[PDB]
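Inside the fold
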Amino acid sequence: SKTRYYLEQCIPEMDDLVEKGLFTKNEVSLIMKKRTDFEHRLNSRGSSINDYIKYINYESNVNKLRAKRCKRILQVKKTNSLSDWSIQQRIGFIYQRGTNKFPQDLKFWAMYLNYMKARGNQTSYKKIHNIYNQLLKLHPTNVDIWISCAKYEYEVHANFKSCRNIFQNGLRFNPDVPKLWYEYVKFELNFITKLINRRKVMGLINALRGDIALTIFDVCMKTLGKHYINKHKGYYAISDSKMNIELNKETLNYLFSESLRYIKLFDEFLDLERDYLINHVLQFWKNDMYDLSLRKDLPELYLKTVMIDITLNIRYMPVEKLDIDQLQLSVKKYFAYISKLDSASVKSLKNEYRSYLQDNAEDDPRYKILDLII
Amino acid sequence: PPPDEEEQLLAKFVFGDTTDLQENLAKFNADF
Amino acid sequence: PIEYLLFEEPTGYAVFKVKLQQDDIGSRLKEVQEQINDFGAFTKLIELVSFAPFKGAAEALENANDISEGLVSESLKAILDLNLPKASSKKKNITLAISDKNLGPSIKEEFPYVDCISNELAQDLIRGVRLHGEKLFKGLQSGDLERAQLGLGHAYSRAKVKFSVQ
Amino acid sequence: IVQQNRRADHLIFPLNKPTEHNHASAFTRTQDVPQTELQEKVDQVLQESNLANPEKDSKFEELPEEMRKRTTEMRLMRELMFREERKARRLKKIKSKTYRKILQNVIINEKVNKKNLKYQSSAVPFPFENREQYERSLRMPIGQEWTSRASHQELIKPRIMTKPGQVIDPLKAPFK
Amino acid sequence: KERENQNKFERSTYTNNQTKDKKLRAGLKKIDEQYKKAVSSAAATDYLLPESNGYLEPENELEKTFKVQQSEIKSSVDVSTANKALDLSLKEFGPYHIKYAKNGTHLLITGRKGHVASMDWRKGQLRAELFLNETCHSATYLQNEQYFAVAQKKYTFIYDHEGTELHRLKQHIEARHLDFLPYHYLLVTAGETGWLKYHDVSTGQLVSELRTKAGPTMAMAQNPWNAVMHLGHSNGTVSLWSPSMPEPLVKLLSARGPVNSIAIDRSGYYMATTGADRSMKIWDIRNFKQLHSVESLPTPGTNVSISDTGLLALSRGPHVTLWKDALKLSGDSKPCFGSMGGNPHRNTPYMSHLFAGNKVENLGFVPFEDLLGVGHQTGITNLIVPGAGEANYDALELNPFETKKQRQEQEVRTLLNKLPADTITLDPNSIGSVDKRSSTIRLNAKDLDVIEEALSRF
RNA sequence: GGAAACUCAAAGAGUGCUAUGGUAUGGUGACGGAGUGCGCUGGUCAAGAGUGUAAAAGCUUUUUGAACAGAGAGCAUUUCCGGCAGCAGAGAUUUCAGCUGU
């Protein structure tokens, strides 16, 4: 039997752990009968990931007791013998066995990754790379594993090339969830922000732009639109032109709501050229979307983008020097909108007035602003 | 080599010690 | 050497890694022919390394038509590029076992370092994983495979015949 | 090499080492040409403005009172430096510190046991020279009941271990 | 690598009362390395041993151990062991010869009158209660609870699990002692005739008939080590027998008078024989020395038994008396009955009990538990003897928790590896060797009157 | 013959269950981690060589070199760490991350 093999693999560490005079024979027999129970429950039939988890918790508890007893008996913090790594190696092998048997519970896979990362200097980052590789092989569609893999290899190791490779491979696998798109534009903005801040720092002590984020923004719009028109209206295109235009309108609503979220969490990256990097998404949304977002319905979205293009310089604090510089730009925007619109004219006028009043002695310059926007 | 309370707590976990269990079964005396 | 195995199925694509080769010369014998019926010995041959599930019945029907007419789709390209090692194209290609001798040319057109085998050894490896199915996958798919088979068969047939509900 | 193959306890017949190719990783590109539209877009932008980070290696490969006073710019450069930059910084600190420091009661019958002189061998078999050697070979049972599981496996694994379905090639040595 | 308990796991070898071959030299070096590794790793299993042996220890100098009462044990130990300490009061049929299965799961009692009952003594399940109205003498299980052999008025009969008669043996004319050899599948039979008969239970074939030539067989025991039979005669002579040689392998002069009982240790090292001359005698078996001679017992010891942990249970009628560490070489292990003035070098009884009404028929320790089953005139009594059983059995030799499927497959497997009756020798390790003829060196075929001095030439 | 069952046994057939060590964990300080050097993989370019030819082109090449892209799949050895504080930093009172000397 293989429980016999594993149990007698456990004996040299307790040889060493009895020789180093911290445990006695009668208590190490007790930890062996508990470990016998656990090994038999592991490699018998009807096994459970809770059996694996309880074995890992028991082995961590006897490791903590071993460390406590070592500090109290020998008054060293490690005996530099077999019995201080064998038990963590055992926990790692219980994790490997469990993930080979039940490779379906991401709770257990993430407990494996957490213990392997928190093992510290003693583990190897290529050993973490191996279990990231096989986990991403088994779950390519689950996207938080791609985010966690790239987050470990950028926010700990700062490996930009491999992080870009992870994000491009994940976007190859599931180019359908917008969350991976948003985390990729987030990673690219974080990388370019660290690039220009190390430039600023080398200047203060002693070309490559957000156009990467704009290009992945562009392919984000194109492929998310393609995958929504392929996901809905699923089997066939058996739908008349009313249902086809209803579908295409709804995909425009979907994609434009995601770009609204993109600008909403795009504004807080204010260390690069945030005006240019928001204005390029503005000009990428301003063009035609093949179903007349401006010249027909989604006119509310056209008014939303017009309000964004108006306040895109007026994204400011109550110190309104930019307003005193270019509020005539907002007035010309309201005039150019009300020169064409019918109820969106009154809506945009009242909305820009309410927005400027809410956002903006100090009340006397604000009395000038109220007389301006009255 | 003194004892320790945290050491004896997780030692009672690791060695599977029902000594406090039998102490509580003998102690609780149906007090309510 | 039959190193990897590609099993297409309605829930997605599976790449298996061949652990032990079956016998080539004794491949018609009684014990070799019924070891693929016994599951306790088939799991000595085949191990699952990857399973990319589909995005839904739309991508399922797209990949069913591409597998039917012998083309490599984009999800196939993704899973094969994730799983198969970057071997050489001139010396010792990596060996993938398929079940479709006219899908093989489409796989070498995309990955020149992959030689594809569909002869009787790859055929009975493939029908071993077809015979066991849900047991090899260790619990990692959504959806019952026969329920997805009913949906995909009806969708494939109505597509092939142009069934209009008008 | 013929002698060490004759003296080796176990021959694992994938003996010529198979040329292991680089593994199919999820940390890199397994084709090294842009494979998606995203990838070719990112690489044409990145070749308009390349990021091989030789500039970003030489930028952070520059940075007593440097030890005590600079406790803020040190943390700033620690957060700033990239992967190979931090590897070179660790190597520079290691080389700098290593350059800084160093009537009788028993009657046994002695008749011959003609029924079980067929359970003992007739003479001493070939490779041994005496029965002390030969019975020292037989003195330990290899059974499951008498050894541990690991010792049982070490005692019963055979010398020639082949793989069951692949070709065995002739041996090749490092330049004969 | 050192392993303080290796010499239990060591293995003796042949000695003459180094080599020039390179290949043979390295082969022998690998063999010695493998033997050392195997002994060390096999001896490291004592960590993995689950349970601990039982005991009872005095903790005072006023508290002797032989004056500890069975009710006091049953109060001091747990409810499962207290319920194992059974007592059946079967008054009307005769004194009950007791027998346990080789794992302690089944009990087989025989009344002297006719009452034979095979039962699961630890559940409440009997599976044969048959009243064979002629005087039965003894019984034993064969390889299971599924078959048992009973020695009746004359003929030995063999019954199945539920008690139907399978066989009436026309040989085995008057048995009084039956014992099964489980690795060899042999039912061994001796009694009022001076004959010893080995009968193969599997094939069905009478393997051996041997003239004891010493009258009726007074006692009989089996060496569990090497399966030779120690029979005790009316000469005071024990003789060790094998089914190959028609003469006894050894004849020992144990006692004066007859030999009332024989017991052998399970290690095959010590043998306790009680004679009718009020003499217990502890014998070395391997070297045939006489270790101890406890003469002048107060009344002749009618039974002896040896537990798996080496206790010695002697029974002298109403009394049962157990000694601990009595089967040892030193003279301080001679079993006494009192310590004259508190001598620590006197082996007083480990515990004693008095069956005040009756005279005990036989003794048998329950195999893997801490009990001694004594069968007497009014039935059965188990005694909680705390030092008296192997706490750590091996579950693939013989398992006390074995199921029906495990019984079936273990029956077929032990039937398949049944040892031939010719392999029974005085030492078990003598069937791999070479002859004690046929020279110990192998042979290389290369090795395969001044006038008369003148008159010489004539 | 019949009836009952949370009854006791003796057997037969089928089905279910990852039923998975092709030679068992990454590691008896004999160790691990970091880095370096050797080794290995892929494509590209250049050179060689063959073959072909008016010259070629092309094709072949277990021939070498170059920079590049890497794999974790090998091998050394004293290059450092698994020593101590002082100090700031990190995450949820425990663990984690670098400077000045022992």
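Residues numbered from 1 in each chain as written, not as in the entry; some residues may be left out. Chains lettered and ligands numbered in written order. Part of a larger assembly, values for the part shown. Heavy atoms only, no water. Residues with missing side-chain atoms left out of burial classes, pairs and counts.

Things to note about the overall build of chain E
What chain E contains, in helices and strands, is 5 helices and 28 strands. If one aligns the C-alpha atoms of chain E with their principal axes, the spans along those axes are about 105 × 55 × 55 Å. Across the 458 residues in chain E, those meeting the buried criterion constitute 50%. When the accessible surface of chain E is summed, it comes to about 22,900 Å², and 50% of that surface belongs to carbon and sulfur atoms. Of note, chain E has its 55 positive side-chain charges centred 3 Å away from the centre of its 52 negative side-chain charges. (Helix = DSSP H or I, 4+ residues; strand = E, 2+ residues; numbered from the N terminus. Buried < 20%, exposed > 50% of the residue type's maximum accessible area, 1.4 Å probe, protein only. Areas by Shrake-Rupley, 256 points an atom, 1.4 Å probe, with all protein chains shown as cover. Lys, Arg positive; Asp, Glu negative; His and termini not counted. Charge placed at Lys NZ, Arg CZ, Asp CG, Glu CD.)

Notes on the overall build of chain C
Regarding its fold elements, chain C presents 7 helices and 5 strands. For chain C, the α and β elements follow one another from N to C terminus as β-β-α-α-β-α-α-β-α-β-α-α. For a compact globule of 166 residues, the expected C-alpha radius of gyration is about 15 Å, and chain C comes in at 16 Å, within 12% of that figure. For chain C, the C-alpha atoms occupy an extent of roughly 55 × 40 × 25 Å along the three principal directions. Counting every position in chain C, which comprises 166 residues, the buried fraction comes to 50%. Accessible surface computed for chain C: about 8,100 Å², of which carbon and sulfur atoms make up 53%. Averaged over its 21 positive side-chain charges, chain C has a centre that lies 2 Å from the centre of its 24 negative ones. (Rg over C-alpha atoms; globule rule 2.2 N^0.38 Å.)

Some words on the packing of aromatic side chains
Residue and element names in this part refer to chain A. With a centroid separation of 6.0 Å and 80° between ring planes, the pair formed by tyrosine 5 and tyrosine 6 is classed as edge-to-face. Seen in terms of ring centroids, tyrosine 95 and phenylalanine 108 are 5.1 Å apart; in terms of plane orientation they differ by 40°. Their pairing is tilted. Here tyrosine 95 is found in helix α5 (residues 86-101), whereas its partner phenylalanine 108 is found in helix α6 (residues 106-118), with 13 residues between them in sequence. Grouped by ring-pair contacts, the aromatic residues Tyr52, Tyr95, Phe102, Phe108, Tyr112 and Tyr115 constitute a single cluster. We note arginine 261 situated over the ring of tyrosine 182; from NZ or CZ to the ring centre the distance is 4.4 Å. (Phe/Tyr/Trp six-rings, centres within 6.5 Å; stacked < 30°, edge-to-face > 60°. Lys NZ or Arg CZ within 6 Å of the ring centre and 35° of its normal.)

Observations regarding the interface of chain D and chain E
Contacts between the two partners involve 43 residues from chain D, matched on the other side by 50 residues from chain E. With 8 residues, the single largest contributor to the side of chain D that touches chain E is helix α7 (residues 131-138) of chain D. The pairing of strand β2 (residues 106-108) of chain D with strand β17 (residues 250-253) of chain E spans 3 bridges and is classified as antiparallel. When the bridges of β17 of chain E are listed, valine 106 of chain D appears paired with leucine 252 of chain E. (Contact = heavy atoms within 4.5 Å. Pairing = 2+ DSSP bridges.)

A few points about the pairing of strand β22 (residues 303-306) of chain E
Two faces, one strand: in a regular strand the side chains alternate between the faces of the sheet. Residue and element names in this part refer to chain E. Across 4 bridges, β22 lies against strand β23 (residues 312-315) in antiparallel orientation. By the bridge assignment, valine 304 is partnered in β23 with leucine 314. Where β22 folds back onto β23 in an antiparallel hairpin, the turn is made up of 5 residues, including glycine 310, whose phi is positive at roughly 80°.

Some thoughts on the pattern of salt bridges
Residues and elements named next belong to chain A. We note a salt bridge from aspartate 16 to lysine 20, for which the minimum N-O separation is 2.9 Å. As a salt-bridge pair, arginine 90 and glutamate 59 come within 3.7 Å of each other at their nearest N and O atoms. A residue pair is termed long-range when its members are at least 10 positions apart, and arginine 90 in helix α5 and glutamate 59 in helix α4 (residues 49-73) qualify at 31 residues. What emerges from the salt-bridge pattern is a single network uniting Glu13, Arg35, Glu59 and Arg90. (Salt bridge = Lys/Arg side-chain N within 4 Å of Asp/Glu carboxyl O.)

Points about the interface of chain A and chain C
Put simply, an interface is often sized by how much accessible area is lost when its parts join up. On the side of chain C, 29 residues touch chain A, which itself brings 20 residues to the contact. The class makeup of the residues in the side of chain A that touches chain C is 9 nonpolar, 7 polar and 4 charged. (Nonpolar A, V, L, I, M, F, W, Y, C, P; charged D, E, K, R; others polar.)

Structural notes on the sheet that holds strand β6 (residues 138-141) of chain E
Residue and element names in this part refer to chain E. In spatial order, the strands read β6-β7-β8-β9; together these 4 strands make up an open sheet with antiparallel pairing. Each having just a single partner strand, β6 and β9 (165-168) make up the two edges of the open sheet. Strand-to-strand twist of the sheet, defined as the mean angle between neighbouring strand axes without regard to direction, takes the value 20°. Alignment of strand β7 (residues 148-151) against strand β8 (residues 156-159), held across 4 bridges, turns out to be antiparallel. Of the residues in β8, the one forming a bridge with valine 150 is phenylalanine 157. (Axes fitted to C-alpha atoms, helices over the stretch in contact; angles between N-to-C directions.)

What about the packing of helix α11 (residues 211-231) of chain A against helix α12 (residues 241-264) of chain A?
Residue and element names in this part refer to chain A. Close contact between α11 and α12 brings their axes to 10 Å; oriented N to C, the two are set at 145°. The element α11 and its partner α12 pack so that their crossing is right-handed. In this structure, α11 contributes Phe217, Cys220, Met221, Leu224, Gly225, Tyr228 and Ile229 to the contact, and α12 contributes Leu247, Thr251, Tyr254, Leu255, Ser259 and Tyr262. Across the contact of α11 with α12, the residue classes break down as 10 nonpolar, 3 polar and no charged. (Left-handed = near helix turned anticlockwise from the far one by under 90°.)

Things to note about the UniProt feature "repeat: WD" in chain E
Under the local residue numbering, the UniProt record ascribes the feature "repeat: WD" to residues 90-131, 212-251, 254-293 and 296-333 of chain E. Between the C-alpha atoms that bound residues 296-333 of chain E there is a distance of 17 Å. The span itself is 0% helix and 34% strand. (UniProt positions renumbered as here; feature names shortened; annotations may be inferred.)

Focus: the side chain of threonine 189 of chain E
Residues and elements named next belong to chain E. Residue position: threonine 189 is located in strand β11 (residues 186-191). Among the polar contacts made by the side chain of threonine 189, one reaches the side chain of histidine 172 at a distance of 3.1 Å. Setting aside residues up to four positions removed in sequence, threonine 189 forms contacts with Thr156, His172, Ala175, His177, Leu178, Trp195, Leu196, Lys197 and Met220. (Polar contact = N/O pair within 3.5 Å; in protein donor to acceptor, adjacent residues only side chain to side chain.)

Some thoughts on the arrangement of the chains
Here 6 pairs of chains make contact, and the pair sharing the most contacts is chains D and E. Chain B makes no contact with chain C; the smallest distance between any of their C-alpha atoms is 33 Å. Spatially, chain B and chain E are disjoint, and the shortest separation between their C-alpha atoms is 14 Å.

Considering the sheet that holds strand β2 (residues 97-100) of chain E
Where strands meet in a sheet, backbone hydrogen bonds hold them as pairs that are either parallel or antiparallel. Residue and element names in this part refer to chain E. One open sheet holds the 4 strands; their spatial order is β2-β3-β4-β5, and the pairing between them is antiparallel. Here the strands that pair on one side only, and so sit at the sheet edges, are β2 and β5 (125-131). Taken pair by pair, the neighbouring strands of this sheet meet at an average axis angle of 10°, ignoring direction. Judged from the 4 bridges that link them, strand β3 (residues 107-110) and strand β4 (residues 115-120) form a sheet pairing that is antiparallel. Along β4, the bridge assignment pairs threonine 110 with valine 116.

A look at the pairing of β6 of chain E
Residues and elements named next belong to chain E. Direction of pairing for β6 relative to β7: antiparallel, over a ladder of 4 bridges. Of the residues in β7, the one forming a bridge with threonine 140 is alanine 149. Turn length for the β6-β7 hairpin, with the two strands adjacent in sequence and antiparallel, is 6 residues.

Digging into the environment of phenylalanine 191 of chain A
Residues and elements named next belong to chain A. Positionally, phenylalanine 191 belongs in helix α10 (residues 178-205). Along the sequence, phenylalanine 191 and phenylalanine 160 sit 31 residues apart, while their C-alpha atoms lie 7.6 Å from each other. Setting aside residues no more than four positions away along its own chain, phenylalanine 191 makes contact with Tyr154, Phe160, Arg164 and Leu208.

Describing the packing of α10 of chain A against α12 of chain A
All names here are of chain A. The interhelical angle for the contact between α10 and α12, taken along N-to-C directions, is 30°, at an axis separation of 12 Å. Regarding α10 and α12, the two cross each other, and that crossing is right-handed. Residue-level inspection shows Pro178, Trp181, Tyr182 and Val185 of α10 in contact with α12, the latter providing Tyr254, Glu258, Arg261 and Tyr262. Of the residues in the contact of α10 with α12, the class split is 6 nonpolar, no polar and 2 charged.

Focus: the environment of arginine 122 of chain E
Residues and elements named next belong to chain E. Secondary-structure assignment places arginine 122 in the loop between β4 and β5. Measuring from C-alpha to C-alpha, the distance between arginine 122 and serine 41 comes to 36 Å, with 81 residues separating the pair along the chain. With residues near it in sequence (within four places) discarded, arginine 122 still touches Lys84, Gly104, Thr105 and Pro400. Among the polar contacts listed, one links the side chain of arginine 122 to the side chain of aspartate 120, at a separation of 2.6 Å.

Some details on unusual backbone geometry
All names here are of chain C. Backbone geometry places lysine 92, a non-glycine residue, at a positive phi of 60°. You can see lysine 92 is positioned in the loop between α4 (74-83) and β4 (94-97). The phi angle at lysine 162 is positive, at roughly 55°, despite the residue not being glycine. Along the chain, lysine 162 falls in the segment after α7 (145-161).

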